[PDB]
Every structure is written in C-alpha cells, then in structure tokens.
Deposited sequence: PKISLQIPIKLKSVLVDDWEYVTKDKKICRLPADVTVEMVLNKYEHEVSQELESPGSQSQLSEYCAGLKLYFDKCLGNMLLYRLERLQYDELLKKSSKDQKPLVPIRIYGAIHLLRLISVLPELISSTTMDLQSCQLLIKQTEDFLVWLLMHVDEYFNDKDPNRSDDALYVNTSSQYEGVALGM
C-alpha cells in the first residue's frame, strides 16, 4: 500500500540540492523570500483558472490553492524545517511576539518550502481517514501543480535530513 504521488525527477533533484545546501554547506535561505508561497500559489491559480472550462473545475482549483496555503501555515514550523533552520524560525517567532503581529509562513517562506510540503504530503494522506475519491483528487491537483512548477523551474529555483528507513 503506497500513496502514489509522481514528483518529476528534476523537482526531486531540486529538493536534494536544497538538502545539500542546508545540511551539508550550512547555508540557510534569506528570509523573507522574494517570491513567497502566497505569491507562487496566487500566480498558479491566476494562470490555470484561465484554461478551465467547467465552473466546478474553477472552484476545486481555488479550494486546492486555499487549502494548500492553509496547510503550509500549519506544517511549516512543525515539520518542514531542517534542524539548522530552527534558529531562523525561532527568531521570526520572536519578532512576531515583540511586534504584536502573527507569523504567517506563506508570506515569508518561498517555493522550496512549498515543495518540501508536497514531498511529505503522501505520508500525511496515508494515515488520514478520507474518501478514496477525495484522495485521488488531492493527488491529481498536486501533480498538476507539480508539472506547472517544473514548467517554471528556472523562475523559482552535523548530519541530518535523511530517513534511511523511509
């Protein structure tokens, strides 16, 4: 039993370059990112909704993009950070407390952390109670987003970070 999510090899390779830059070279992303998660998903929804005929097709894409923003805000600080990136996060969290303004991750982090989210989506789905057809739509919408991300791969893109038993 595997939740099958096809991630193009080029994008898997992007995730491994990122893993090397953080966990081997010890280089964190500059924050805020120039193109936040929110801007990536705004552009995607904005383009792809122009090539959909059905009205139900447009709602499901908007509910996908909105749900993916919502889930990135929940996951980021819980499961999308390398250990090395926690200081950066704990500092952002500290600025949020002092400036009395809540931390919204989709407005700080960028495309690579969104792709980290996608890479762990199959494992999250696997333990969840949901209708099979709801899972198949979730897989379809994500693979559509992925080949759009690959289409724009040049526009957007002591030991830790490997789970040997996974």
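- Missing from the model, by position in the deposited sequence, is the single stretch 158 to 175.
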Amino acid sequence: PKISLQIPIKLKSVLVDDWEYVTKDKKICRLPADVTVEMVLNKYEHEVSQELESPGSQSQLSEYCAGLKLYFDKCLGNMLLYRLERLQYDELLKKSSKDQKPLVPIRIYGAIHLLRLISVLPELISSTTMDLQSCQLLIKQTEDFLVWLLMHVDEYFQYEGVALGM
From here on, numbers count along this sequence of modelled residues.
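- As listed in the deposited structure, the average C-alpha B-factor of 93 to 101 and of 41 to 49 is greater for 93 to 101.
- Of the two stretches examined, 50 to 58 and 28 to 36, the record assigns the greater average C-alpha temperature factor to 50 to 58.
- You'll see in the entry that, of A111, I106, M130, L68, the Cα B factor peaks at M130.
- Split the chain's modelled residues into thirds by C-alpha temperature factor. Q136 is in the middle one.
- Per the PDB record, residue ranking by Cα B-factor puts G161 in the lowest third of the chain.
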